[PDB]
Amino acid sequence: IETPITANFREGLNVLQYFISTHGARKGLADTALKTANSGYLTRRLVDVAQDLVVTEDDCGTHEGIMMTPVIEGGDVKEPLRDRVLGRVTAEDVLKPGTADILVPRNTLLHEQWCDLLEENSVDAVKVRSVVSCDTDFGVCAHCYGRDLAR
Amino acid sequence: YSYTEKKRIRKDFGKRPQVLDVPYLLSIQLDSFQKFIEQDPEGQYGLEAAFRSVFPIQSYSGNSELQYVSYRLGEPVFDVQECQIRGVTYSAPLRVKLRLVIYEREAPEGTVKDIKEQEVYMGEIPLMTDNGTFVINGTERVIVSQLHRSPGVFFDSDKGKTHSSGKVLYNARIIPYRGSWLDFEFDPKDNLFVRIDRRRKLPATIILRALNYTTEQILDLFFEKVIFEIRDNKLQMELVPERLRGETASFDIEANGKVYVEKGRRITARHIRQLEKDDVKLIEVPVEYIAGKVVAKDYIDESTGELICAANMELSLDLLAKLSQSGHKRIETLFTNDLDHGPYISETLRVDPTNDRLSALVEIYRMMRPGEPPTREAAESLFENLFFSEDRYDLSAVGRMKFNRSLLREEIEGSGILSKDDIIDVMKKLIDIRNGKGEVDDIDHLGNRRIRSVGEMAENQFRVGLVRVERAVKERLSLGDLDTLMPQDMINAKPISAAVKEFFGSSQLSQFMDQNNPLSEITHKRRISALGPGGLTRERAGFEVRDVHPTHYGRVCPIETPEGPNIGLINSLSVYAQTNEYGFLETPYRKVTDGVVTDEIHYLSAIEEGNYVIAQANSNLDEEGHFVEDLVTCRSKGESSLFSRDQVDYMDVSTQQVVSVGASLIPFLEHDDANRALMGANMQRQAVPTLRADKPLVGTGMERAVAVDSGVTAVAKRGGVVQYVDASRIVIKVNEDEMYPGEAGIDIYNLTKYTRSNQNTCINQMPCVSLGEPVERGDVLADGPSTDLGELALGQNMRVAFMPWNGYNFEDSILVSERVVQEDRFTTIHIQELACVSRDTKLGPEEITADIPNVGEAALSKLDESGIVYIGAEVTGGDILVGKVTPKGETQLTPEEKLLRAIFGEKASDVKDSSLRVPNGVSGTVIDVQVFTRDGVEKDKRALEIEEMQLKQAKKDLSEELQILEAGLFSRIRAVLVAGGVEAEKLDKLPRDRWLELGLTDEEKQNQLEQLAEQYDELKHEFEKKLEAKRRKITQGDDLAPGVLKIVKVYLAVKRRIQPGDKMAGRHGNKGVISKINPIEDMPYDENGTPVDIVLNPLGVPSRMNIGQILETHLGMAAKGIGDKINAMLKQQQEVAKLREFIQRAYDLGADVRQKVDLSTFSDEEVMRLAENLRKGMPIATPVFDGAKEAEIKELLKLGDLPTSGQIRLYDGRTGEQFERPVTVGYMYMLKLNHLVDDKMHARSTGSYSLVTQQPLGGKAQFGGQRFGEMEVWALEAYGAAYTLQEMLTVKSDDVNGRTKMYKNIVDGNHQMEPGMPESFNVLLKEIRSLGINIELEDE
Amino acid sequence: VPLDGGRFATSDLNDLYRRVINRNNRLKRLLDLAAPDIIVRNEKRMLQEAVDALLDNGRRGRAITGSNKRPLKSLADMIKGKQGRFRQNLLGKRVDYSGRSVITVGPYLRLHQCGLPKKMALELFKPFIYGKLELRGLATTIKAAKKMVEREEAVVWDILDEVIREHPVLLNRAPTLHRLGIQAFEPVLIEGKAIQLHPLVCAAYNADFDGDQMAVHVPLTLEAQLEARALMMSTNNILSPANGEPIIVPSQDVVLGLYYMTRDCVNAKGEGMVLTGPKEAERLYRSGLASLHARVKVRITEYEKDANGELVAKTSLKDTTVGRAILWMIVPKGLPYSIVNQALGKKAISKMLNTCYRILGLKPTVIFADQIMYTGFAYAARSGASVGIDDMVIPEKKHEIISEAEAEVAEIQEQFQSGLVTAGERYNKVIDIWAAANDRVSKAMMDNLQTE
Amino acid sequence: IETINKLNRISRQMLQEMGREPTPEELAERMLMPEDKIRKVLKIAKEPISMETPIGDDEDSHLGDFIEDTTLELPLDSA
Ligand SMILES: [Zn+2]
């Protein structure tokens, strides 16, 4: 709109100002109305994909999967490599930019002590055993998942 | 001024001179029904147009004929209340006088053959109150005006749905009031297509061929012709100069012996300017220029008579030569500048495979009748039905005029059916705007939409009944006899009545209205929708329609509409809303004249104002001259601006001219968000008027008018003086100026006692006046359930402070004090209904008697002998009302019950009980009974008790009516007897009646004797007539079903007051559950010991911008700063002049508010009663946007000797401390709503089940079970739980063995399970195997 | 089947069946005749149309109606979509042993507890009670038991309290998005008709106390009993498994109480002095000798361990305001004073919490939370808190920014009147200058509200 | 069937020449036949009403929910 407001509540509105606030708020309500619809709709699909999945195994015994890399693009960090992996597993025998400083038998949990210990060094990309890597026949191995958050 | 005014005055704070008092509110419902039913000679509205449309009516083929003449209403059988009580509709009969006439078509037109004059009943008509509502089956109901898409003609432009193109899709459409639709449109690939009634795509020219047009005439009218002139060697042309406008040349585009534009070069606007002025239009050129152009029309060498050329054929140069050998020196051609002119139509012709009217019509016929062979007569018959037959197509002239306007036509009227010119001009406009000229239109603009009020609906159903009848009458007229077949012989009225009664009671427009509060009524009838027929659907509908358009302003308030799906669908009306004769809206506006604001007005529609300019009333006017400052916030054209002073033509009217009424009442709305104001105004409708009418101090003024015009309450129709009073009713006498002499002219007003609402709530009126008093017209005399001295009130006002408290006001919860409940001041009551019934059966009837076995005798104790409880008694759940009994059949038994009844030997009769009883949990008081019985069956003992009761009751009411009437009417017999002779000292002692026979004199007293003779004959006339009339009005039985014998009713009642779990709130969105009461000792108290009433949570005020309300709280307190003070002067008991001064000084507080007053006028007594009213408070009326300012409230608290803060120093009571800082405190006004814990609570442990599937039902009335969807289960498997939902599916819903077993087992303290398989599963198995399926199961 | 009024009602399927049969036999009439096969074809057509109309009416074409101008039901319409047996009668269920009500607050509860109106439970634990009356010899049978139960003697209520011991419940708000739209609770009961609810978990439900109703089922049997104790019990569910933050954010007033309470101004009294420990600090504040918002050099004590689960007594002095000193009193043995010398907005609370969890776990955490809510409400009430007009503050220079902006738009108006700017350049100019005015006035009004 | 037919053939003319609905005794007289036949006729004259009719305002729920399995047992009385 061209011409703005010139007052507040305590000053006391005039007709048009409230008149014009109306359609804005009404649009907000109309948008509020029916996010619910599509939400539950797609959500029901989301589940119905995943009726089956379940854990069956502890360790797939399979190959490493992905490399994790932080999200520092455009500005500074928005999800550190430190923070995201917290609770994942380790792909592989890795170590520090201080070289030959290993920390794993190819597989370790990543509690925050380790995120600290590794935020020491300037490690800035690290691999993981994920589910895509996991080769369980109608199941998933535990280690390729991570941590139970609620627990 | 008025009397009830003087009884109490509310204060003003508004400084805008109003020019227009509000109108009557609900004129529209009344007006629509009136113009539906009542008479029209010529400008037909309502019935008469329906008839004259569908009449006269011939025979099957002519020989007989029917002639409408005129109608005849019937006054009804009964009154309102009798229909109310019998469960009966209020309605008026209908007759019509018809005239059957045969004329000898055997003879030339041998009319004088036979006539039958006769008038005939068909159908009765439900009717409107004086309020505006209807009634049916003893049920009060209202329908709703609708809003929808007008007739006429609309355009639109879709946004490239072959978005490969990203191209416009112009299309145009007409809509009639009845008949068939038509759609014209452009394809993306530059060709017209057309379709009736969403049929398949067809071209546009196809119709023109179908309409006996020529390609000749087609291109005659559509195109602007490019013409040539060849004289024996080579080409000349003629260049209407602006045809290469902005184009690029092709050759040396050159004048006579001169060039203007060379090859490949822009033809400037100035080169064509030269061509224009320099006056050449005969341009020799290269003939090769022709290659690309098209023939106008077939110009051949007719010597052969053979086609050298057919129209719509792009030219050549060989053929140029061939028609050169014809000798033809020009052949006209087509124009194509892709910028300005569109040959899309020529292109379409080139696609058209068709030539003649005949096969064109064949294909039309085919499309609308697929699979059908070609048949000429049916083709032209179909076409002529669809678009030029008055039978099956109607615009209903608003479409006609509107159409005419949309074409910029000088005329306004026509037919409800087409011409041809219409079609031409519309396609011309469509192509012109496809070139880009003109504009598309907007649908939401209110100048393109129309209401649909009641009379229109009712016309529709009535005439379609007429048509359901005339089908048969065509089937019957020319068939049989034509001298004995009376007109009546052929008419069944039951189609008519069927249609109309189905509408008034089963359309989704009629609803059971809202007996909560007056405003509930007045708004629920001032609703608008676009649902239902001729309407929309929320899933079909989107967002543009929901939202706002700048033309609503002054017509529809954007604030009052619910929060579910149906948001912008309904849009309740504005205040000064008038509608238009055609169905359009309009709103008043003030005239400007040379800067002067004149007082006269005009009502203006959704359209003209945008062409005009309009200012606002916020504008502080310069005292009768001009307006003060140059810049003024005005608007036109859809939006706003700032304008100078002479510049303006009109101005708004008031500072409320948009709002709805719920958007009117609350003050300082300006100081609040919109969304919460909406919410609260929708909270302002679910309320109850509690036991009392505790007035809100602070308002706007509208309370009285809404109160009046609700029609719930009483009012004067003629001034006068009271003569008698009672709690049940009043009696008045009229002054003699208002008196008409011959009539008895002495009124009365019975009243309405405790009376079930449609929402199961009390209703009651009450007087609020006195005796020996004067009255003028329109002066109220009694109040409704939510009123006090003719001014609305729903809730009550009371003390709140703002702070947390120990968590009991965590999130917008509430905490309160126990004085308020012992005061019972929000206590309410609820009439409730029950009933039983006596019927026939195959064995025999249900009958009605006390004497019933297997009863606790004390239960019987509450009954009469008939089997019926008394009046005024107490009732508890499971108690019995009625001893009804039923002829039993037989009972097969088991050896163990057999064993018990072998031991003791008791029996059952061949009858059992059908005792009506109290539902569970209810307890209450009985205050009335009503019984109905057939006309012919014996009225039994208690039936007769109440029958002879109501006999006596109405007869006493009427002997009182009589007695007062005849008593006042003895006015003759003293002035007449004491003169015409005089013996007064001798007369007065004697018996009154033996005075005809005293000293009798010359003929004056003979005329006296015959006069009194006829009059005391009229005496016993009146007696007989009226008593006996209503006597057999009453004693007659009832109109009801087969099987039935008689019924029972009970109108009991129950007392509800406040407990936790209840909702309540105020006028600003401030919702809240109540969480706990408390004693007063734990509540606060000021230094002066006054405790507090309620406490709330203050955090959420900026959370949701309900800021304005706080202001009032200051003001709230301020009222009693006067009120309590005055109460001092009461008990102090000082003197007149003190408070007189004091109070005119109070009303003169503010600066320049308009209400003046002179209390020197009044008596002492007027003043003292005024003060005796005000003793508790002083109420205020600040309008919404001519509101007040805190300057005045602070001034007024200085007057009331209080802080400018209204914020003061408080203590605790549970431990007596002081707090750490002040607190804002005053009185605010709030109220309850209809969402109540026991109206909302339910549980269940075992019971009602289905049979299709055998798992329980839902509904508290039917012992509801709770639901457990499909996402709860998702959650439970999330936790990893199987046993739980295993139980929730096996036993608590479906599996039978399990549920029974486990019941039996937990009663043995066993918490164990034994599953099986469900039932709905096997159900599904059967329902598949029905479909031819070998579904089955594998053994393990 | 009939209903009360004497009128039958008909599974419309019946109609869909019956007509079919008759035409079949009509065919068997004409079969005796070898009549024109044309009309026989007519009858065959009629059959096929009827049959496929039955199996799916609106499939071949025209959906047939009854008399009502209303369509019919195939068999398929029992199975499909919403009204399908799947999500209306096989997953959209109704349940026995259930109930519902409106909700309200118990601001004193021990969160694993729940509010409850009695009479609801009185229905819901009914045959239990029947069995127990028979067991105790009071009412040896069921109508005896029931009559005593309608008679609702105090023994009955006593045994109600006897059964509810240990004997749990389960909840449901609508709509359950995630699984913390239910938790398992423990019963405590209220003389009313509304349910009292521990405030914190409202956000787990997104529940607002402005007309709320929710519902109850029973973990009837034993396995359900155990699971609801172990799993859905709100104690064992504090972290969102989406993301291991907790959902025990204390919302709106408890936070306010703390912030008010823990605060470092100077204004009051009792200043530049000493204590021995928080207890006499509490003492004197109760006495009205010094406010809490006043900084003081006092003693504290705190505990640590870098050990093999072996604690570290430690003690010292600190500068401090007083409320800090008091609310040290709760904290269990594993965390320092560094956490309590700040003004304590939300996130501080979140962090003391998640530290306690990470360092100790569960039970101390819930306890800390309980005491937080208690004391926050309490001292918040003592705090005193209100709102008025003058609490809201206009800057004085709200007239002048607007006037100079009016000068600006006057300038660009006359420039566009000369007709140099496009209206779009003008549009962008205008919006930019007005945003300038808005944000600078925001600066000013905060400059007269924050620390002045 | 023909009884009902002629009944209504008389009823139409009672509707006209009364302006009002009939009474069992009056058309019994005009037809010269007795009451209880008319009673049981009108009891029997009406037709069934479709288990799945939309009793709700909208498609809220049809009539099926509003039906009882008033046939089988009470688990209370069974025990
Ligand atoms: Zn794996």
# chains A, B, ... in the order shown; residues from 1 in each chain; ligands from 1
>>> residues_near_ligand(ligand="ligand 1", cutoff="6 Å", atoms="only C-alpha atoms and all ligand atoms", output="PyMOL selection string")
chain A and resi 59-60+131+133-135+140-141+144
>>> write_last_selection(atoms="C-alpha atoms", output="PDB file, in the first residue's frame")
ATOM      1  CA  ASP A  59      25.156 -53.886  13.146  1.00  0.00           C
ATOM      2  CA  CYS A  60      24.628 -54.372   9.444  1.00  0.00           C
ATOM      3  CA  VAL A 131      20.512 -46.618   6.757  1.00  0.00           C
ATOM      4  CA  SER A 133      24.270 -48.069   3.701  1.00  0.00           C
ATOM      5  CA  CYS A 134      22.573 -50.591   5.980  1.00  0.00           C
ATOM      6  CA  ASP A 135      21.899 -53.879   4.213  1.00  0.00           C
ATOM      7  CA  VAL A 140      17.621 -51.977   9.902  1.00  0.00           C
ATOM      8  CA  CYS A 141      20.692 -52.432  11.992  1.00  0.00           C
ATOM      9  CA  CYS A 144      23.308 -47.340  11.155  1.00  0.00           C
TER      10      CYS A 144
END
>>> interface_residues(of="chain D", to="chain B", cutoff="10 Å", atoms="only C-alpha atoms", output="PyMOL selection string")
chain D and resi 12-13+15-20+23+25+38-44+57-58+64-72+74-76+78-79
>>> select_by_dssp(residues="segment 68-248 of chain B", states="strand (DSSP E or B)", output="PyMOL selection string")
chain B and resi 68-73+91-104+110-126+134-136+139-142+146-149+152-159+168-175+178+182-186+192-195+202+226+228-230+235-237+248
>>> closest_residue(among="B:1217, B:622, B:1166, B:1201", to="residue 1124 of chain B", atoms="only C-alpha atoms")
B:1201
>>> interface_residues(of="chain C", to="chain D", cutoff="7 Å", atoms="only C-alpha atoms", output="ChimeraX atom specification")
/C:7-12
>>> decode(residues="segment 339-365 of chain C", atoms="N, CA, C and O atoms", output="PDB file, in the first residue's frame")
ATOM      1  N   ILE C 339      25.263 -20.112  37.781  1.00  0.00           N
ATOM      2  CA  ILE C 339      24.027 -20.317  37.062  1.00  0.00           C
ATOM      3  C   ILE C 339      22.921 -19.415  37.562  1.00  0.00           C
ATOM      4  O   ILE C 339      21.884 -19.293  36.896  1.00  0.00           O
ATOM      5  N   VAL C 340      23.138 -18.723  38.681  1.00  0.00           N
ATOM      6  CA  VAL C 340      22.068 -18.085  39.429  1.00  0.00           C
ATOM      7  C   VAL C 340      22.335 -16.617  39.693  1.00  0.00           C
ATOM      8  O   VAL C 340      21.615 -16.004  40.479  1.00  0.00           O
ATOM      9  N   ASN C 341      23.358 -16.037  39.073  1.00  0.00           N
ATOM     10  CA  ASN C 341      23.659 -14.621  39.212  1.00  0.00           C
ATOM     11  C   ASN C 341      23.329 -13.841  37.962  1.00  0.00           C
ATOM     12  O   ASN C 341      24.080 -12.948  37.554  1.00  0.00           O
ATOM     13  N   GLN C 342      22.204 -14.173  37.346  1.00  0.00           N
ATOM     14  CA  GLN C 342      21.744 -13.534  36.134  1.00  0.00           C
ATOM     15  C   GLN C 342      20.248 -13.294  36.248  1.00  0.00           C
ATOM     16  O   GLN C 342      19.605 -13.703  37.216  1.00  0.00           O
ATOM     17  N   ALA C 343      19.696 -12.638  35.237  1.00  0.00           N
ATOM     18  CA  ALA C 343      18.302 -12.230  35.275  1.00  0.00           C
ATOM     19  C   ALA C 343      17.328 -13.325  34.855  1.00  0.00           C
ATOM     20  O   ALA C 343      16.126 -13.179  35.088  1.00  0.00           O
ATOM     21  N   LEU C 344      17.807 -14.417  34.264  1.00  0.00           N
ATOM     22  CA  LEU C 344      17.017 -15.627  34.023  1.00  0.00           C
ATOM     23  C   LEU C 344      15.790 -15.382  33.139  1.00  0.00           C
ATOM     24  O   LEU C 344      14.642 -15.474  33.568  1.00  0.00           O
ATOM     25  N   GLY C 345      16.073 -15.075  31.882  1.00  0.00           N
ATOM     26  CA  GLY C 345      15.117 -15.336  30.829  1.00  0.00           C
ATOM     27  C   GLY C 345      15.167 -16.790  30.397  1.00  0.00           C
ATOM     28  O   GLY C 345      16.118 -17.517  30.684  1.00  0.00           O
ATOM     29  N   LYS C 346      14.138 -17.164  29.626  1.00  0.00           N
ATOM     30  CA  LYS C 346      13.745 -18.543  29.327  1.00  0.00           C
ATOM     31  C   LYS C 346      14.907 -19.507  29.155  1.00  0.00           C
ATOM     32  O   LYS C 346      14.963 -20.592  29.749  1.00  0.00           O
ATOM     33  N   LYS C 347      15.842 -19.100  28.319  1.00  0.00           N
ATOM     34  CA  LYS C 347      16.853 -20.020  27.845  1.00  0.00           C
ATOM     35  C   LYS C 347      17.792 -20.398  28.968  1.00  0.00           C
ATOM     36  O   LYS C 347      18.304 -21.522  29.018  1.00  0.00           O
ATOM     37  N   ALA C 348      18.000 -19.476  29.898  1.00  0.00           N
ATOM     38  CA  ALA C 348      18.778 -19.772  31.084  1.00  0.00           C
ATOM     39  C   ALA C 348      18.159 -20.925  31.843  1.00  0.00           C
ATOM     40  O   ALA C 348      18.847 -21.816  32.357  1.00  0.00           O
ATOM     41  N   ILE C 349      16.836 -20.940  31.871  1.00  0.00           N
ATOM     42  CA  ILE C 349      16.128 -21.952  32.620  1.00  0.00           C
ATOM     43  C   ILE C 349      16.257 -23.259  31.889  1.00  0.00           C
ATOM     44  O   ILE C 349      16.521 -24.313  32.488  1.00  0.00           O
ATOM     45  N   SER C 350      16.109 -23.194  30.571  1.00  0.00           N
ATOM     46  CA  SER C 350      16.279 -24.364  29.729  1.00  0.00           C
ATOM     47  C   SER C 350      17.648 -24.982  29.952  1.00  0.00           C
ATOM     48  O   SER C 350      17.806 -26.209  29.972  1.00  0.00           O
ATOM     49  N   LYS C 351      18.643 -24.135  30.183  1.00  0.00           N
ATOM     50  CA  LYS C 351      20.004 -24.629  30.243  1.00  0.00           C
ATOM     51  C   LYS C 351      20.354 -25.174  31.605  1.00  0.00           C
ATOM     52  O   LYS C 351      21.014 -26.209  31.689  1.00  0.00           O
ATOM     53  N   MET C 352      19.905 -24.533  32.677  1.00  0.00           N
ATOM     54  CA  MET C 352      20.067 -25.167  33.978  1.00  0.00           C
ATOM     55  C   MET C 352      19.394 -26.530  33.981  1.00  0.00           C
ATOM     56  O   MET C 352      19.948 -27.516  34.484  1.00  0.00           O
ATOM     57  N   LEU C 353      18.244 -26.618  33.326  1.00  0.00           N
ATOM     58  CA  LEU C 353      17.547 -27.887  33.235  1.00  0.00           C
ATOM     59  C   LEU C 353      18.360 -28.927  32.505  1.00  0.00           C
ATOM     60  O   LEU C 353      18.596 -30.020  33.028  1.00  0.00           O
ATOM     61  N   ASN C 354      18.775 -28.619  31.287  1.00  0.00           N
ATOM     62  CA  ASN C 354      19.374 -29.660  30.476  1.00  0.00           C
ATOM     63  C   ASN C 354      20.735 -30.031  31.024  1.00  0.00           C
ATOM     64  O   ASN C 354      21.174 -31.177  30.897  1.00  0.00           O
ATOM     65  N   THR C 355      21.384 -29.093  31.711  1.00  0.00           N
ATOM     66  CA  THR C 355      22.587 -29.439  32.444  1.00  0.00           C
ATOM     67  C   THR C 355      22.270 -30.442  33.527  1.00  0.00           C
ATOM     68  O   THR C 355      22.953 -31.458  33.662  1.00  0.00           O
ATOM     69  N   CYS C 356      21.227 -30.173  34.308  1.00  0.00           N
ATOM     70  CA  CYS C 356      20.880 -31.103  35.372  1.00  0.00           C
ATOM     71  C   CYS C 356      20.579 -32.473  34.814  1.00  0.00           C
ATOM     72  O   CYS C 356      21.007 -33.485  35.377  1.00  0.00           O
ATOM     73  N   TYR C 357      19.903 -32.521  33.676  1.00  0.00           N
ATOM     74  CA  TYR C 357      19.603 -33.805  33.072  1.00  0.00           C
ATOM     75  C   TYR C 357      20.882 -34.501  32.675  1.00  0.00           C
ATOM     76  O   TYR C 357      21.098 -35.674  32.991  1.00  0.00           O
ATOM     77  N   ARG C 358      21.752 -33.768  31.996  1.00  0.00           N
ATOM     78  CA  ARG C 358      22.929 -34.378  31.415  1.00  0.00           C
ATOM     79  C   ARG C 358      23.869 -34.855  32.493  1.00  0.00           C
ATOM     80  O   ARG C 358      24.614 -35.819  32.294  1.00  0.00           O
ATOM     81  N   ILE C 359      23.826 -34.202  33.644  1.00  0.00           N
ATOM     82  CA  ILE C 359      24.782 -34.426  34.700  1.00  0.00           C
ATOM     83  C   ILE C 359      24.232 -35.382  35.743  1.00  0.00           C
ATOM     84  O   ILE C 359      24.992 -36.094  36.397  1.00  0.00           O
ATOM     85  N   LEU C 360      22.917 -35.379  35.915  1.00  0.00           N
ATOM     86  CA  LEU C 360      22.232 -36.226  36.880  1.00  0.00           C
ATOM     87  C   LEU C 360      21.175 -37.113  36.260  1.00  0.00           C
ATOM     88  O   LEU C 360      21.097 -38.293  36.609  1.00  0.00           O
ATOM     89  N   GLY C 361      20.354 -36.572  35.369  1.00  0.00           N
ATOM     90  CA  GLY C 361      19.223 -37.300  34.839  1.00  0.00           C
ATOM     91  C   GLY C 361      17.872 -36.760  35.248  1.00  0.00           C
ATOM     92  O   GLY C 361      17.588 -35.570  35.107  1.00  0.00           O
ATOM     93  N   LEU C 362      17.032 -37.642  35.774  1.00  0.00           N
ATOM     94  CA  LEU C 362      15.594 -37.465  35.637  1.00  0.00           C
ATOM     95  C   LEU C 362      14.930 -36.941  36.901  1.00  0.00           C
ATOM     96  O   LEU C 362      14.327 -35.861  36.908  1.00  0.00           O
ATOM     97  N   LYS C 363      15.038 -37.709  37.969  1.00  0.00           N
ATOM     98  CA  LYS C 363      14.281 -37.431  39.183  1.00  0.00           C
ATOM     99  C   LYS C 363      14.651 -36.088  39.777  1.00  0.00           C
ATOM    100  O   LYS C 363      13.745 -35.289  40.082  1.00  0.00           O
ATOM    101  N   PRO C 364      15.928 -35.757  39.941  1.00  0.00           N
ATOM    102  CA  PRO C 364      16.254 -34.426  40.423  1.00  0.00           C
ATOM    103  C   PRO C 364      15.761 -33.356  39.485  1.00  0.00           C
ATOM    104  O   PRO C 364      15.400 -32.260  39.925  1.00  0.00           O
ATOM    105  N   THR C 365      15.675 -33.674  38.199  1.00  0.00           N
ATOM    106  CA  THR C 365      15.277 -32.665  37.237  1.00  0.00           C
ATOM    107  C   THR C 365      13.817 -32.318  37.422  1.00  0.00           C
ATOM    108  O   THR C 365      13.441 -31.142  37.497  1.00  0.00           O
TER     109      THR C 365
END
